[PDB]
Amino acid sequence: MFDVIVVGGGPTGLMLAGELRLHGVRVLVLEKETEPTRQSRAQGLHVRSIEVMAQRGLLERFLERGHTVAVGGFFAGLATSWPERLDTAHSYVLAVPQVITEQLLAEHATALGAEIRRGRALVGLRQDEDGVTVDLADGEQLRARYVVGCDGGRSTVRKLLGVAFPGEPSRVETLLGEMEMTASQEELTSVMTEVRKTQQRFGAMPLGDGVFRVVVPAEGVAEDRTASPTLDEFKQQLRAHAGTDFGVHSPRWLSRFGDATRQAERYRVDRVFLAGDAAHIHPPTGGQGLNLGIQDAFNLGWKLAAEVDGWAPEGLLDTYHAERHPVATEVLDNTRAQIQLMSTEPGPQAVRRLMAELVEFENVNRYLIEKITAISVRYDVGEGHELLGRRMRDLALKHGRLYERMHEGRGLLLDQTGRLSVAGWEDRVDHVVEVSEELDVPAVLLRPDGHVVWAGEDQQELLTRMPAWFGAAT
Ligand SMILES: Cc1cc2nc3c(=O)[nH]c(=O)nc-3n(C[C@H](O)[C@H](O)[C@H](O)COP(=O)(O)OP(=O)(O)OC[C@H]3O[C@@H](n4cnc5c(N)ncnc54)[C@H](O)[C@@H]3O)c2cc1C
Ligand SMILES: [Cl-]
Ligand SMILES: [Cl-]
Ligand SMILES: [Cl-]
């Protein structure tokens with residue numbers, strides 16, 4: 001049998017498979033699609049996702065296949081500028097296609113020793129008090145201690161548990177397409193900016209290889225929710241919302257996505273977990289579905305690997321739902337506000353003009369970017385320092401950065417004075433003694449995902465918060 005079986009070869013399951021392999025966990029990735037989909041969904045990581053890869057040393061391969069972008073207009077298309085005093089060392093946006101993002105995460109999980117069986121489709125599942133039984137379409141049963149559901153928005157695992165999926169349905173659908181056009185490239189650059197003053201969800205971005213990525217609003221709601229949109233439909237929407245069809249060339253692939261904002265009610269149902277789109281779906285327009293799914297698995301990874309090793313605290317796995325469900329609600333809630341600001345009605349247009357006056361303030365622009373990039377996410381840990389909950393930025397230490405010592409996914413203890421020590425938790429927590437100037441506190445205790453659970457200078461105060469997140473001593 002296996003220790004953990006994840007259901008989904010997407011960027012969420014691959015990120016969870018790598019986090020579990022850092023602790024020697026026999027994992028198994030079940031993916032329905034044999035060949036990975038060539039549909040370029042997302043187009044890059046945000047600041048927090050960039051920091052997540054840096055904590056594992058995966059940032060080099062991402063930066064080799066992409067390029068950094070520091071512009072304005074990521075919040076509801078409000079074309080501004082990038083903030084100045086952004087509390088993060090990776091204050092930029094890496095532009096990598098999701099196909100490359102899934103490719104690097106799959107190669108890293110395979111390099112760490114993860115069974116990725118492509119072509120296996122989960123049909124049914126059931127669980128006892130000792131493990132979970134998985135029934136595949138081919139008829140092969142698989143026993144596992146814990147199973148996590150990363151099988152996308154139409155999650156089969158979620159339906160096999162009764163976990164409700166409440167939220168608002170799809171009301172405003174949009175058309176996306178990677179293509180070229182008979183119109184000049186320089187001519188479209190001057191046309192999009194003029195129409196964007198009213199219809200904000202009309203865009204066009206180049207890919208360098210001669211093709212572009214044009215997103216055009218659609219009319220009505222499609223009843224199939226999976227039917228291939230015709231090319232004549234694409235030009236009819238381009239001529240109605242932009243005044244010119246551009247005469248498109250060869251289209252690589254077309255799609256039509258909705259704006260249904262739904263979120264799972266339970267993230268854990270006793271040995272079965274949900275992550276990524278399996279636990280929350282929201283519109284791609286103002287979306288963090290790739291950033292959220294990565295950070296969801298980045299939160300569950302070290303926690304689930306702590307249970308199979310036997311040192312996890314009592315209700316550690318219960319905190320996955322208690323910490324990643326509110327993050328999905330506020331994200332999903334922000335996506336609705338961003339589409340609302342993109343509405344063409346005279347009401348929402350007046351609110352967008354008010355927001356445009358407020359984003360001129362740097363603190364307002366910084367607050368929105370810190371919330372969108374998810375670098376301001378703060379969990380509930382307890383009472384104490386002002387750092388309790390938030391992650392720790394890449395602090396420049398005396399010898400190298402800070403994220404260069406967290407590759408093994410172990411507990412970190414930044415000790416600037418050296419008088420603090422770990423007694424009995426050496427098997428889970430390291431002891432980095434490096435003086436930093438960006439840190440105004442004597443010592444910080446970091447969870448494997450970077451979030452702070454203790455900050456101070458007392459040894460006895462350290463002895464209080466150590467077993468709360470790392471179990472008892474040896
Ligand atoms: C057009 C578009 C643009 C987007 N743009 C962005 C963006 O700019 N930024 C951003 O952050 N997010 C963006 N997103 C959202 C983000 O891409 C998704 O949320 C993300 O792909 C979901 O990650 P996941 O691995 O959890 O889901 P998936 O990638 O859907 O993973 C599910 C995988 O498991 C497989 N599977 C399904 N059911 C089963 C089963 N029963 N058994 C086995 N395997 C199964 C599926 O075939 C699939 O391969 C966009 C989404 C879309 C559609
Ligand atoms: Cl605007
Ligand atoms: Cl760097
Ligand atoms: Cl102003």
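Taking the PDB entry as the reference, the protein is identified by name as Rifampin monooxygenase belonging to Streptomyces venezuelae. Recorded in the entry header as its title is "Crystal structure of rifampin monooxygenase from Streptomyces venezuelae, complex with FAD". According to the UniProt record, the Function (literature references left out) comment for the protein is "Monooxygenase that can modify rifampicin, thereby inactivating its antibiotic activity. Inactivates a broad range of rifamycin antibiotics." In its Sequence similarities section, UniProt records this for the protein: "Belongs to the rifampicin monooxygenase family."

### Structural notes on the environment of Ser255
As for its placement among the helices and strands, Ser255 is situated in strand β13 (residues 253–257). For the pair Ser255 and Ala396, spaced 141 residues apart in sequence, the C-alpha separation works out to 44 Å.

### Examining the site of ligand 1
Around ligand 1, 30 residues are found, and the nearest of them are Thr12, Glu31, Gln98, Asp277 and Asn291. Note that a nitrogen atom of ligand 1 is positioned 3.1 Å from one of the backbone N or O atoms of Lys32. In this structure, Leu290 approaches ligand 1 through a main-chain N or O atom, which is 3.1 Å from a nitrogen atom. When ligand 1 sits alone it has 1,000 Å² of accessible area, and the protein chains cover 85% of it. Residue composition of the shell around ligand 1, by class: 10 nonpolar, 13 polar and seven charged.

### Considering the nonpolar core
Residues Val4, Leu45, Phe62, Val148 and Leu304 are the most contacted members of the largest nonpolar core, which totals 89 residues. Looking at which domains feed residues into this core, each of domain 1 (1–171 + 259–379) and domain 3 (380–474) gives three or more. Those residues in contact with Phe62 that sit more than four places away from it in its chain are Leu45, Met53, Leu94, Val96, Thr101, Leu104 and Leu105. Ranked by size, the runner-up nonpolar core spans 20 residues in total, among them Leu316, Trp425, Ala443 and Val453.

### Some remarks on the environment of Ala275
One can find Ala275 in the loop between β15 (272–274) and β16 (280–281). Classification of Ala275 by relative accessible area gives buried; the value is 1%. Along the backbone, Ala275 and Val221 are 54 residues apart, and their C-alpha atoms lie at a distance of 28 Å. Ignoring sequence-local partners within four residues, the contact set of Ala275 consists of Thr12, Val148, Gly149, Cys150, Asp296 and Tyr320.

### Section: helix α10 (residues 346–358)
In a regular helix each residue adds 1.5 Å, so 13 residues correspond to 18 Å; α10 covers 19 Å between its end C-alpha atoms and thus fits that length. Of the residues making up α10, those classed as buried are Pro348, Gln349, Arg352 and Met355. Relative to the axis of α10, the buried residues are bounded by an arc of 115° and lie together on one face. Relative to its buried face, α10 has exposed residues pointing more than 90 degrees away, namely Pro346 and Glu357.

### Let's talk about the packing of helix α2 (residues 47–54) against helix α8 (residues 289–309)
One way to put it is that α2 packs onto α8 with a least axis distance of 9 Å and a crossing angle of 40°. By the angle between their directions, the pair α2 and α8 is classed as oblique. Considering only the axes of α2 and α8, their crossing is left-handed. Residues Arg48, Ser49, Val52 and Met53 of α2 form the contact with α8, whose own contacting residues are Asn291, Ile294, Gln295 and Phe298. For the contact of α2 with α8, the per-class residue count stands at four nonpolar, three polar and one charged.

### What about the sheet that holds strand β14 (residues 261–263)?
Across the sheet, which stays open at both edges, the three strands sit in the order β9-β14-β16 with antiparallel pairing between neighbours. The open sheet has two edge strands with one neighbour each: β9 (167–168) and β16. Of the strands in this sheet, β14 and β16 are in contact with helix α9 (residues 318–341), which crosses β14 at around 175°.

### Some words on the layout of surface pockets
Taken as a whole, the second largest pocket spans an internal volume of roughly 470 Å³. If you go around the second largest pocket, you meet 24 residues; those closest to its centre are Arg171, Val172, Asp259, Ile339 and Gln340. The element that contributes the greatest number of residues to the lining of the second largest pocket is α9, accounting for four residues. Broken down by class, the residue content of the lining of the second largest pocket amounts to eight nonpolar, eight polar and eight charged. Lining the lining of the second largest pocket are residues from two domains, each supplying at least three of them: domain 1 (1–171 + 259–379) and domain 2 (172–258).

About the criteria used
- Residues numbered from 1 in each chain as written, not as in the entry; some residues may be left out.
- Chains lettered and ligands numbered in written order.
- Heavy atoms only, no water.
- Residues with missing side-chain atoms left out of burial classes, pairs and counts.
- UniProt positions renumbered as here; feature names shortened; annotations may be inferred.
- Helix = DSSP H or I, 4+ residues; strand = E, 2+ residues; numbered from the N terminus.
- Near = heavy atom within 4 Å.
- Polar contact = N/O pair within 3.5 Å; in protein donor to acceptor, adjacent residues only side chain to side chain.
- Areas by Shrake-Rupley, 256 points an atom, 1.4 Å probe, with all protein chains shown as cover.
- Nonpolar A, V, L, I, M, F, W, Y, C, P; charged D, E, K, R; others polar.
- Core = buried A, V, L, I, M, F, W, Y, C linked by side-chain atoms within 4.5 Å.
- Buried < 20%, exposed > 50% of the residue type's maximum accessible area, 1.4 Å probe, protein only.
- Domains from an automatic or database assignment.
- Contact = heavy atoms within 4.5 Å.
- Expected span 1.5 Å × (residues − 1).
- Arc of directions from axis to C-beta.
- Axes fitted to C-alpha atoms, helices over the stretch in contact; angles between N-to-C directions.
- Parallel < 35°, antiparallel > 145°, perpendicular 65-115°, else oblique.
- Left-handed = near helix turned anticlockwise from the far one by under 90°.
- Pairing = 2+ DSSP bridges.
- 1 Å grid on protein atoms, 1.4 Å probe; cavity = no way out; pocket = protein on both sides within 12 Å on 5 of 7 lines; lining within 4 Å.
- Points joined across faces, edges and corners; volume = space filled by probe spheres on them.

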